[PDB]
Structures are given as C-alpha cells and as structure tokens.
Trainee: 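Let me give you the structure first, and then I'll get to my questions.
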Amino acid sequence: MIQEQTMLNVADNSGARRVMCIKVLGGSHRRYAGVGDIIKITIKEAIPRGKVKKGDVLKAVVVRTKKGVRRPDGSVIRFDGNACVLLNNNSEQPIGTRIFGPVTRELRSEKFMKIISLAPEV
Amino acid sequence: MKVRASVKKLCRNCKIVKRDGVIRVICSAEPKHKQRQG
Amino acid sequence: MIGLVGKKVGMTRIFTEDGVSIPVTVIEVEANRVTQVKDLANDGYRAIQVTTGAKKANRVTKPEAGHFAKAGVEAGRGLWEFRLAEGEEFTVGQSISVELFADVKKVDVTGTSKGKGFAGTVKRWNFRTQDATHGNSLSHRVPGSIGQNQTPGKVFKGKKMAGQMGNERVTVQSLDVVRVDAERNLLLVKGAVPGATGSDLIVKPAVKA
Amino acid sequence: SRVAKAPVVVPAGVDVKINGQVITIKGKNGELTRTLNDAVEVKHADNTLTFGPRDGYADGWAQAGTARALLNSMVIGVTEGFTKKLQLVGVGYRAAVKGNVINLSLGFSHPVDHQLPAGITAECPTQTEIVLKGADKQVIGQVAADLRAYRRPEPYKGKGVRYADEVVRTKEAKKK
RNA sequence: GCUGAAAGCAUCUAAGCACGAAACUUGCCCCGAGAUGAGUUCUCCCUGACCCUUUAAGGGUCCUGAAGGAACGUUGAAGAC
RNA sequence: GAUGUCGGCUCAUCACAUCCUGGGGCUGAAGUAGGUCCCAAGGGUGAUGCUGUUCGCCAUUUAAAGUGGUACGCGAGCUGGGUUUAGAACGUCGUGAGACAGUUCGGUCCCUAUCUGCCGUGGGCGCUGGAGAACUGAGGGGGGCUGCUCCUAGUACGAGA
RNA sequence: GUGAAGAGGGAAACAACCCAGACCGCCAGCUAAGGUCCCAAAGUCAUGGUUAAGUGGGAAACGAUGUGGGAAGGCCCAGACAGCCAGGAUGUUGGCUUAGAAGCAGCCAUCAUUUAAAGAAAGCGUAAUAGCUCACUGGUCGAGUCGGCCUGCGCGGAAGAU
C-alpha cells in the first residue's frame with residue numbers, strides 16, 4: 001500500500017536514494033499502489049554523479065512493500081521496507097542497469113522482463 | 001441536417017416536404033441542403 | 001428451476017492440487033420433503049411447498065400436524081415454497097436431495113444476515129466522519145445536514161439516517177458450486193453467504209448465469 | 001385521383017375476390033390480399049377494376065389513388081412478380097445463398113446471415129450479385145433495403161451493398 | 001427506410017408496413033392485502049340447557065373454555081425497549 | 001417587540017442550456033482523429049501547492065474533472081480563517097477628539113425538540129366464529145458508471161507514416 | 001371610479017377588477033355580472049359554417065404545398081401542366097494568357113447559322129471544350145394547369161430548477 005507522500009527506497013543503480021510518491025496513477029480516485037503498480041514520484045535525494053537529479057519528476061514501479069503480496073495459496077510475502085525502480089517517463093523502461101535486493105513473482109508481465117532478469121532473486 | 005427556424009429551398013433540386021408536422025427540406029443533389037425546421 | 005433449503009454449517013477452505021485455496025461455505029442440505037403442490041387451477045400459480053429437518057413432537061401444533069399428516073410426511077422445522085417452471089412436476093410426499101445440484105455450477109444463496117442492532121449513519125450508510133479536532137463541538141459522528149431550507153421545508157422521504165441494520169433477508173448471486181456430496185448431504189459453494197452459523201439458507205440455481 | 005381514374009386491367013388467369021374492403025388476388029405466382037381504406041370504393045367490372053371515393057370522407061381521392069396503385073402492383077405481382085438486383089463492391093465482399101438464408105461477408109469480425117420472409121426467394125449469380133424475386137412489391141423492397149443497410153455504400157470508393165441501378169457520387173478527401 | 005397518392009412525375013406519410021439509444025417499461029434485488037379495494041390455499045377446534053322481556057344482529061343465569069394464545073421461568077452470532 | 005454574513009466541513013436534492021459514456025445527420029468526414037448540430041438525466045464527473053478565500057494559477061491524474069437552481073441549499077448539524085465591537089501600532093487625513101469596504105497583531109458561536117418532516121421500532125382496533133402456518137402481488141424503494149489490454153487486424157484505409 | 005370606510009354574486013383562490021351597496025325575518029318568486037357534460041345549480045339547445053393542434057387552455061421577428069373562402073390574371077383542348085424514346089447539321093479545340101477553360105481564370109470576339117428547336121454558354125466536377133442537364137420545344141397523352149393578392153382558422157419558432 002503506497003499512496004501520495006509515501007517515501008520509497010530505490011532498488012536500482014540509477015542514482016536516486018529517496019523518492020516520494022506524487023500520484024497513484026491508473027484510475028480516478030485510486031488510493032493505493034501495490035507491487036507491480038506504476039506510480040509517479042519526485043526524487044528527494046540522489047548521489048552526486050548519478051543519472052538523475054534531485055527534484056526530477058518521473059515514473060517508477062513498486063517492487064517491494066512491507067504490506068506484502070498474497071499468493072493464490074493464501075500465503076503472504078512481506079518485506080522490511082518499500083522499494084521502487086525508476087522508469088523513463090515516456091517509455092516505461094528502467095533507468096538503471098543493476099537491481100538490488102529481491103523482487104517478487106508478480107513482475108513477470110512482459111513489461112518488466114528487464115527487472116526480472118537483472119534481479120538477484122525471485 | 002440543418003436545424004433552423006427558417007428553412008428554404010437552396011437550389012432547384014431541393015424540395016419542401018412536411019413529415020409528421022415538421023417542415024423539412026430534402027435535396028437530391030447536395031447533402032448539406034438537408035434542413036428541418038426546429 | 002426449484003432450489004433446496006439447507007443450513008449454514010460454517011466456512012472452510014479446499015486446497016486444489018495446483019496450490020490454490022478456495023474459501024468455501026459448507027451448506028448441509030438434508031432431504032427436502034414436498035408437503036404441498038400448488039397448481040394453476042386451484043391456487044392460481046404453480047409451485048411446491050417443501051419441509052426439511054425435524055421438529056419436536058411437543059412443539060408442533062395440531063394445525064401444523066394436520067397439514068403434515070395430509071402430505072404423509074414427517075414434521076420439519078419450517079415450510080418454504082419454490083415457484084415451478086413450465087417443465088418440471090413433483091408429487092406430494094416426494095423427497096428431493098442435494099444431487100439436484102449435480103450439474104449446476106452457479107447458485108444463488110438467500111439468507112437472513114446477522115443483526116447489527118440500531119446502527120449509526122457512519123456504519124450503516126458509510127457516512128464520512130467530521131473533524132476529530134480543530135474545534136469540533138460534540139459532532140464527530142453525527143450526520144450533519146439533513147435538508148436544505150425553507151424552499152423544500154421538509155426532509156425528503158428516503159433520507160439516509162441511523163436505524164436498524166442487518167437481520168434482513170439478503171441474496172448473494174452467482175456462487176461457484178465447488179462440490180456436491182450426496183452421501184454426506186453437503187453442498188460447498190465458493191465464497192461467503194449471508195447469515196450466522198446454523199441459520200437457514202435457500203439455495204437456487206443462478207438466475208442470471 | 002387522376003391516377004385513380006385510370007382503371008386497372010385484369011388479365012386472363014388472374015381472379016379477384018372482394019368482401020367490401022378486403023380484396024384478394026390470385027394468379028400464377030400466388031396469393032396477395034389487403035384491406036383497403038374505408039374511404040375507397042372497389043368495384044370490379046368486365047375484366048377491370050374501377051376505384052372511386054365514398055361519401056362523407058374527405059380526401060377520398062387520394063386514398064383512391066393509393067388503392068389503384070396498390071392493386072396495380074398486385075396484378076403485376078401475381079404475374080411475373082418483381083425482381084431486385086443487388087451488387088457488392090469492395091475487396092473480399094461476397095454473398096452466398098443457402099436455402100432460405102443469405103450469407104454475407106462484408107468485412108465484419110462476425111458472419112452476417114439474413115433470414116428471408118415467406119414469399120421471397122434469393123439467388124446469387126456471382127458472389128457480388130444478389131437477385132431477389134417475389135410477388136409483393138413492398139416486401140421485396142423492404143428485403144432489399146435490409147440487405148443494403150448492412151454495409152451502406154460509402155462515399156469515397158462506393159464500397160458496400162448497392163442496388164444495381166444506383167448512383168453513388170463519390171468524392172475526394174481534401175486534395176493531392 | 002419500404003410501398004404510396006394528393007400534386008401522370010415524384011414524395012418515410014396522408015392509408016399501410018418497418019427499424020432505431022445507458023431515457024421509458026420490464027427483466028436482477030428488497031419491502032409489501034390498513035391492496036378498508038383488508039385477497040388465497042392447506043390444516044386444527046367448539047354442534048349444553050334455562051329464564052326474562054323493549055322484542056332484536058336483545059340481555060342475563062348455570063354448566064361449560066376447545067383450537068390456540070399469553071403469562072412466568074432457562075435463554076439467544078435476536079435486541080435501546 | 002431581531003429573517004446570523006462569507007468560505008470550508010458533514011449531508012444533499014433537483015433542472016437541463018449533457019462534461020463523460022449511448023444513439024444519429026452534415027462535413028472543407030480516407031483511417032486515426034475531429035468539428036458542428038440534433039436526441040437522450042441511467043449512472044458517473046479528481047485529490048493536492050499558494051491564498052481566509054469562492055475563484056484563480058500551478059504540478060500531476062482521469063473516461064470526464066458539466067453548468068445552474070435550492071434564503072449566493074445547509075451555524076436549534078459543525079467550524080469561525082475572513083468580514084463586523086471594545087486593546088494596540090503603521091501608512092494616510094484632521095488643530096484635535098477621532099477617522100479610514102487601506103494594513104497589521106490579539107480577540108466568550110446558547111438552545112434538555114411540543115408540532116410537522118424524516119429514519120427505525122412497537123402496541124390498539126378492524127378485516128365479520130376463532131386459530132396455527134404458508135402464500136400472492138396491486139403498488140413502493142434499490143441497483144443501473146467506466147478504463148486498459150488482447151484477438152479480429154497491420155486486415156479496410158492511406159501513399160506512406 | 002373602487003378599497004380605505006361595503007357587504008353579496010362572479011373572476012379556481014385573489015383590499016383596490018366586473019356586476020351590484022347588506023333595516024330585520026321567510027325552506028317565496030324574478031333577474032345582473034358570470035354560466036347551463038360532470039365535480040357544482042341550470043342547454044349533452046336548435047341551426048349553419050370553421051379549426052385537428054389538445055389550437056382552445058402562454059409567447060415574437062421569422063419560415064412552410066396545413067386547410068375554408070373571395071376578387072382578379074396568364075396558358076390550353078389546334079392541345080396547357082406534366083410525364084417521355086425526346087437531345088441535336090455549329091465555323092467549336094470560332095477570342096484563354098498560350099498551340100482548345102473558344103463558356104463556367106478574368107476579360108473580350110460575345111456573331112452568323114442550323115435541327116423542327118436549340119449553346120456563345122446558365123451552371124455543376126472540371127480553371128477544358130471534355131462529361132452533364134439543357135431555357136430546348138420536335139413528337140406523344142388528353143383536362144385542366146401555373147403563380148401572385150386578400151382574408152378565416154390552425155403549424156413550427158418554443159429550455160428550469162420538489
């Protein structure tokens with residue numbers, strides 16, 4: 001469950017450190033974004049010589065939440081923090097080239113094959 | 001369809017017909033001569 | 001088509017071999033005993049009246065007892081009617097069992113929902129609560145305005161207000177039939193159904209499909 | 001009126017049956033009947049039909065003219081009937097008749113099957129041609145219109161179902 | 001749109017015959033015979049006297065009280081009561 | 001011998017001069033898109049930065065972010081930031097006391113509901129001998145929104161995009 | 001003039017509008033304004049017209065083959081109006097700027113002359129003649145036809161919030 005003003009960690013090597021959800025996009029009055037959902041964010045903190053700057057507005061995909069995901073089994077997978085991956089604003093493709101920390105099975109959608117391939121686990 | 005208070009013939013081929021209490025102009029040559037009075 | 005009267009036994013899961021858990025409601029459908037057949041000539045419409053379960057002989061009055069004796073069936077805990085379609089016919093004294101639903105795969109379950117008592121507008125009608133702070137005076141869960149002014153001069157009929165909630169007959173439509181177990185008198189439907197455990201349920205084939 | 005003045009000639013082999021207002025025509029092609037308006041006098045004579053207004057009916061002449069036209073069409077109906085020819089224009093547009101049903105392939109994602117009425121028979125010389133035959137002028141015209149409505153002739157290439165004797169008057173988009 | 005005069009032609013309209021929208025009326029769900037216009041089916045139960053008069057769809061008396069219902073009590077995933 | 005003002009809040013209801021979705025004619029309508037007009041109220045029609053603000057402008061959504069009426073709907077429902085008491089200062093004006101739809105800071109919002117109106121919940125009688133159930137349906141209400149992807153199909157179209 | 005300072009009848013209700021001013025009583029009559037199918041008293045009245053929208057029973061400039069009349073016209077039975085087999089001797093690629101739009105670029109020759117009548121173009125796409133109708137008027141069909149005027153009553157224009 002990610003909503004406006006939620007702070008996120010960054011799960012790739014794009015350069016950002018902290019981002020804040022600006023809009024849960026993909027519907028009117030839509031409230032939350034789970035894993036696999038696309039959100040618009042602003043960058044609150046970045047490393048000195050990254051590919052992105054502080055204050056940039058662009059899209060991202062949520063890959064880890066500490067609310068978690070549920071499997072058809074009824075089981076649930078929770079994480080310790082909320083993480084996302086930065087995407088180009090127009091072509092929703094990852095900015096970075098390395099993916100940090102595990103991701104989850106819900107990203108296998110032919111749109112996030114880069115993240116699945118680059119991820120360390122699951 | 002032109003909806004007007006003043007419907008008139010616009011060329012030789014346009015004709016006045018009253019259908020169900022409505023004055024109408026139907027024209028066999030120019031489609032944009034269709035008119036109903038409303 | 002007709003349906004059957006059962007009772008809500010409880011709720012559990014079914015695990016499928018491909019690792020899916022199906023939340024099911026267990027409905028015990030004993031034999032339904034036809035106590036009266038209503039026809040167009042005598043009653044003006046076509047339907048059957050059924051009974052199920054059992055009742056203590058001391059709790060059945062001689063009006064009810066005589067009605068049951070005419071059908072030649074044992075006393076049940078109640079009577080329900082099912083409207084008959086053009087095709088089917090039944091005879092008084094016939095018993096209908098759960099394998100009626102052997103090939104149905106969608107049912108409509110009707111029951112009496114759990115009674116919430118006198119409920120406020122926030123619970124009953126999802127009204128938004130007002131400010132918890134910022135000067136709010138004694139008005140944290142009250143409904144707010146209820147009308148306009150002199151021009152209507154009255155509260156419009158059907159206004160949403162606090163009152164009795166629940167304890168009324170509710171139908172849930174298009175439930176998957178997961179299992180029919182004739183020898184155990186069990187019907188398993190996917191999802192939740194109205195009413196508390198042990199309450200009467202009316203199960204009918206889905207009307208919308 | 002002065003259309004109704006001209007009597008309709010009843011040829012050989014066709015007979016007339018009158019019950020005041022309802023009239024019956026029988027010929028080699030078959031059976032036709034209708035009830036005329038209450039303001040028209042149907043009057044059979046020596047192998048002719050003559051039509052005139054009643055009394056106390058305003059606009060009895062207009063009704064008489066309509067009745068004359070309808071009965072004329074009936075007589076021409078029970079003999080040699082009527083025919084309507086439809087054409088299909090456009091790549092992949094095809095027609096085929098299967099007994100009492102016309103199958104049309106007009107570029108849709110689904111098949112189009114049209115059920116004919118009682119008195120109408122269809123026959124497709126080519127896949128771009130639909131020939132209709134029947135006794136009733138109104139019914140055959142209605143069926144032709146219904147077939148045409150599936151794919152009306154669009155004004156840029158004339159593609160669609162058209163009457164054989166129809167003018168389309170295409171046009172160009174802007175220029176070039 | 002079809003056939004079709006008035007108004008040889010024509011013309012969806014005048015006779016007549018078709019269509020056509022998240023509107024309408026249904027269909028899905030709930031309440032519901034104080035629906036005073038108070039309806040319906042099945043079943044259960046009561047077929048003793050006497051007296052007085054204004055007499056009338058009358059009132060008492062004695063014997064009788066049925067089907068059922070209530071009360072009281074153990075209570076309730078029912079419920080302010 | 002008193003009909004509380006603005007804005008927000010909570011709750012609304014209606015009109016149609018319909019924002020979206022639906023139907024259709026004309027196009028200077030190839031398609032993709034439109035434009036314009038007609039019909040149509042069934043449902044739906046953003047949450048934020050600044051400002052007391054309605055508004056406005058932004059930054060991002062969305063199918064769309066309709067327009068009006070309702071004492072500019074709604075304070076015996078709520079708030080009280082603004083305006084509009086009494087304290088104080090500034091700019092200006094007046095000799096001054098004081099003033100100023102100029103500004104600034106701080107500044108007591110009572111109401112135990114009789115009647116109608118509405119939401120719930122019960123009794124009394126009637127229903128023509130009483131009773132236990134089960135019914136019917138004459139009317140009332142409710143719901144009635146839409147995206148994206150894929151196939152049809154790179155097919156029709158264009159000349160190509 | 002009326003209310004004020006006046007009742008009553010009528011106007012659905014409605015000080016000031018209409019008729020008509022109330023001394024009192026009557027289960028008497030007769031009338032005025034308004035009415036006479038029913039609510040609700042009295043014409044389901046007689047005789048002729050006129051309207052079809054529910055006009056009546058709410059709206060303008062402005063539109064229209066909606067109908068009831070009137071007074072005048074033109075055309076025409078040799079034949080009108082229409083329908084139809086209707087096309088036809090144009091020097092015509094006779095003046096476009098240029099080697100055909102000779103017509104309809106824009107202006108100018110813009111005329112003789114034909115068929116029986118036609119075209120120096122009136123257009124439409126085409127700046128084109130190309131193609132098309134044509135005002136053609138040659139035949140055929142046989143009684144009406146085509147406009148204006150004046151008036152009667154209807155139609156559209158015509159969207160609101162319980």
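The figures here come from the full heavy-atom set of this structure, side chains too, leaving out hydrogens, waters and symmetry mates. A, B, ... follow the sequence lines: proteins, then strands. Residue 1 opens every chain.
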Trainee: Checking one value: the base orientation of G:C27, syn if chi is within 90 degrees of 0, otherwise anti.
Mentor: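 G:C27: anti glycosidic orientation.
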
Trainee: Think C:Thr171 has a side-chain N or O under 4.0 angstrom from the OP1 or OP2 of E:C30?
Mentor: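 It does, given that an N or O in the side chain of C:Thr171 lies less than 4.0 Å from OP1 or OP2 of E:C30.
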
Trainee: Please tell me whether F:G143 and F:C93 form a Watson-Crick or G-U wobble pair, using a cut-off of 3.5 Å on both distances.
Mentor: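 Not paired: F:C93 with F:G143 fails the WC/G-U check at 3.5 Å.
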
Trainee: Is it true that G:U137 and G:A112 form a pair, Watson-Crick or G-U wobble, with both distances below 3.5 Å?
Mentor: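 Not paired: G:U137 with G:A112 fails the WC/G-U check at 3.5 Å.
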
Trainee: If we only count Watson-Crick and G-U wobble pairs whose two distances fall under 3.5 Å, is F:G158 paired to G:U129?
Mentor: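 Verdict: no pairing.
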
Trainee: Without decimals, in angstroms, what is the distance between D:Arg2 CZ and G:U145 P?
Mentor: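 Distance check: D:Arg2 CZ to G:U145 P gives 7 Å.
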
Trainee: Hey, do F:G87 and F:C105 pair up, Watson-Crick or G-U wobble, with both distances short of 3.5 Å?
Mentor: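 F:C105/F:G87: base pair present.
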
Trainee: When we call it a touch if two heavy atoms are under 4.0 Å apart, what does B:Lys32 touch: a base, just sugar-phosphate, or nothing?
Mentor: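 The answer is base, as B:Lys32 lies within the cut-off (heavy atoms under 4.0 Å) of a base atom.
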
Trainee: Given Watson-Crick or G-U wobble geometry and both distances below 3.5 Å as the test, should F:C11 and F:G73 count as paired?
Mentor: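 Yes, F:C11 pairs with F:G73.
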
Trainee: Paired with F:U149 by Watson-Crick or G-U wobble geometry, both distances under 3.5 Å: which nucleotide is it?
Mentor: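 In the structure as shown, F:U149 has no Watson-Crick or wobble partner.
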
Trainee: Write down the distance between CE (C:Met11) and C1' (E:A77), rounded to a whole number of angstrom.
Mentor: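 After rounding, the reported distance stands at 13 Å.
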
Trainee: Just checking D:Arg54: does its CZ atom have more than 12 heavy atoms from other residues, nucleotides or ligands closer to it than 6.0 angstrom?
Mentor: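 More than 12 within 6.0 Å, yes.
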
Trainee: Rounded off to whole Å, could you give me the CZ-to-P distance for the C:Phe156 and F:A12 pair?
Mentor: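 That distance rounds to 13 Å.
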
Trainee: For F:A131, which nucleotide in any strand shown is its Watson-Crick or wobble partner with both distances under 3.5 Å?
Mentor: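 Here F:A131 is engaged in a pair, and the nucleotide opposite it is E:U43.
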
Trainee: Can you tell me the Watson-Crick or wobble partner of E:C62, both distances under 3.5 angstrom?
Mentor: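 E:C62 is paired with E:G48.
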
Trainee: Given E:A5, F:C26, E:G16, which nucleotide is nearest the side-chain atoms of B:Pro31?
Mentor: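 For the B:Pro31 side chain, the nearest candidate turns out to be F:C26.
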
Trainee: Would you confirm whether F:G44 and F:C19 are paired, taking Watson-Crick (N1-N3 with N6-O4 or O6-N4) or G-U wobble (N1-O2 and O6-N3) geometry and requiring each distance to be under 3.5 angstrom?
Mentor: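 Both donor-acceptor distances below 3.5 Å, so yes.
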
Trainee: At under 4.0 Å, does any side-chain N or O of C:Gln164 touch on OP1 or OP2 of E:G79?
Mentor: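 For C:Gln164, the contact criterion (side-chain N or O under 4.0 Å from OP1 or OP2 of E:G79) is met.
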
Trainee: Roughly how far apart, to the nearest Å, are F:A99 and F:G94 at atom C1'?
Mentor: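 The answer is 8 Å between these two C1' atoms.
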
Trainee: Between A:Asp37 and A:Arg30, does any side-chain N to carboxylate O distance fall below 4.0 Å?
Mentor: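 Yes, A:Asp37 and A:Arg30 are salt-bridged.
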
Trainee: What I want to check is whether the side chains of C:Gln49 and C:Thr35 have a donor and an acceptor closer together than 3.5 Å.
Mentor: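 Side-chain D/A pair, C:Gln49 to C:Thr35: present.
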
Trainee: Are E:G16 and E:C2 base-paired in the Watson-Crick or G-U wobble sense, both distances less than 3.5 Å?
Mentor: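 Under the 3.5 Å cut-off on both distances, the two nucleotides are paired.
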
Trainee: Please determine if D:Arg148 forms a cation-pi arrangement with D:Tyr163, meaning its NZ or CZ atom is less than 6.0 Å from the six-membered ring centre and no more than 45° off the ring axis.
Mentor: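 Output yes; distance and angle both within limits.
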
Trainee: Can you say whether a donor on the side chain of C:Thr61 sits under 3.5 Å from an acceptor on the base of F:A133, or the other way round?
Mentor: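 Between F:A133 and C:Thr61, which were checked side chain against base, a qualifying N/O pair under 3.5 Å is absent.
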
Trainee: Is the base of G:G138 syn or anti, if syn means a glycosidic angle within 90° of 0?
Mentor: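 Anti for G:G138; the angle lies over 90° from 0.
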
Trainee: Check if the side chain of D:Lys171 and the base of F:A29 share a donor-acceptor pair of N or O atoms closer than 3.5 Å.
Mentor: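 Present.
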
Trainee: For B:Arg24 and E:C12, is the shortest distance between a side-chain N/O and OP1 or OP2 below 4.0 Å?
Mentor: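 No, outside the criterion.
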
Trainee: Taking atom types as modelled, find out whether C:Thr61 and C:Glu64 have a side-chain donor-acceptor pair closer than 3.5 angstrom.
Mentor: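 Judged by distance alone, the side chains do pair up.
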
Trainee: Using a 3.5 Å limit on both hydrogen-bonding distances, do G:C155 and G:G63 make a Watson-Crick or G-U wobble pair?
Mentor: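 Both donor-acceptor distances below 3.5 Å, so yes.
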
Trainee: For E:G8, is chi within 90° of 0 (syn) or not (anti)?
Mentor: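 Here the answer is syn: the torsion falls within 90° of 0.
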
Trainee: Nearest whole angstrom, please: distance from the P of F:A156 to the CD of D:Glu154.
Mentor: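 Computing the D:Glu154:CD to F:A156:P distance gives 14 Å.
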
Trainee: My understanding is that a pair needs two contacts under 3.5 Å, Watson-Crick or G-U wobble. By that rule, which nucleotide pairs with G:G106?
Mentor: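 The base-pairing partner of G:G106, which may sit in any strand shown, does not exist here.
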
Trainee: Between C:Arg169 and E:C29, is there a contact of a side-chain N or O with OP1 or OP2 at under 4.0 Å?
Mentor: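 Checking C:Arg169 against E:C29: no side-chain N or O falls below 4.0 Å of OP1 or OP2.
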
Trainee: Of the residues in residues 129-155 of chain C, which ones touch RNA chain G at a heavy-atom distance under 4.0 Å?
Mentor: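 Residues of residues 129-155 of chain C under 4.0 Å from RNA chain G: C:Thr151, C:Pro152, C:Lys154.
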
Trainee: Is the shortest side-chain N/O distance from A:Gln5 to OP1 or OP2 of F:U48 below 4.0 Å?
Mentor: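 No, A:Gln5 has no side-chain N/O under 4.0 Å of OP1/OP2 on F:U48.
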
Trainee: Per the atom types in the model, does the base of G:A64 pair as donor or acceptor with the side chain of B:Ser6 at under 3.5 Å?
Mentor: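 Result: no qualifying N/O pair found.
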
Trainee: Which base, if any, makes a Watson-Crick or G-U wobble pair with G:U115, both distances under 3.5 Å?
Mentor: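 None - no nucleotide pairs with G:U115, as no candidate has both distances under 3.5 Å.
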
Trainee: Based on the glycosidic angle (syn within 90° of 0, else anti), state the conformation of G:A118.
Mentor: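 Classified syn.
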
Trainee: Does C:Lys159 make a cation-pi contact with C:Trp125 (under 6.0 Å, within 45 degrees of the axis)?
Mentor: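 Not satisfied by the 6.0 Å and 45° rule.
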
Trainee: Think C:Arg83 has a side-chain N or O under 4.0 angstrom from the OP1 or OP2 of F:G137?
Mentor: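 Result: yes.
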
Trainee: Mind telling me whether G:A15 is syn or anti, cutoff 90° either side of 0?
Mentor: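 Anti.
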
Trainee: Any strand counts, and the cut-off is 3.5 Å on both contacts for Watson-Crick or G-U wobble. Which nucleotide pairs with G:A40?
Mentor: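 Matched G:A40 with nothing under the 3.5 Å cut-off.
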
Trainee: Quick check on C:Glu74: does its CD atom have over 12 non-hydrogen neighbours (other residues, nucleotides or ligands) under 6.0 Å away?
Mentor: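 Counting other residues, nucleotides and ligands, CD of C:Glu74 stays at 12 neighbours or fewer.
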
Trainee: Do any side-chain nitrogens or oxygens of D:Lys137 fall under 4.0 Å of OP1 or OP2 in E:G4?
Mentor: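 It does, given that an N or O in the side chain of D:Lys137 lies less than 4.0 Å from OP1 or OP2 of E:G4.
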
Trainee: What I want to check is whether G:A52 forms a Watson-Crick or wobble pair with G:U98, both distances being under 3.5 Å.
Mentor: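 G:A52/G:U98: base pair absent.
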
Trainee: So does B:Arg36 get a side-chain nitrogen or oxygen closer than 4.0 Å to the phosphate oxygens (OP1/OP2) of F:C38?
Mentor: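 False: B:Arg36 side-chain N/O out of range (4.0 Å or more) of F:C38 OP1/OP2.
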
Trainee: Hey, would you call G:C18 and G:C19 stacked, ring centres under 5.5 angstrom, planes off by under 30 degrees?
Mentor: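 Result for this step: stacked.
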
Trainee: Between G:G156 and B:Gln37, counting only base atoms on the nucleotide and side-chain atoms on the residue, is there a donor-acceptor pair under 3.5 Å?
Mentor: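 Result: at least one qualifying N/O pair found.
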
Trainee: So, C:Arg77 and C:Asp200, do they make that salt bridge, N to O below 4.0 Å?
Mentor: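 Yes, charged N to carboxylate O under 4.0 Å.
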
Trainee: With a 4.0 Å limit, can you tell me whether C:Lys160 has a side-chain N or O closer than that to the phosphate oxygens OP1/OP2 of F:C119?
Mentor: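 Answer no for this pair, as no side-chain N or O of C:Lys160 is under 4.0 Å from OP1 or OP2.
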
Trainee: Can you find a side chain N or O atom of D:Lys174 that sits less than 4.0 Å from OP1 or OP2 on F:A29?
Mentor: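 Answer is yes, contact under 4.0 Å.
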
Trainee: Do D:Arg162 and D:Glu154 pass the salt bridge (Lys or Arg N to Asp or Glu O under 4.0 Å) test, and can you show the C-alpha distance, the side-chain angles, and the key distance before you say yes or no?
Mentor: CA-CA 10 Å; D:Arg162 50 169 92 191; D:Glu154 61 86 20; over 6 Å; no

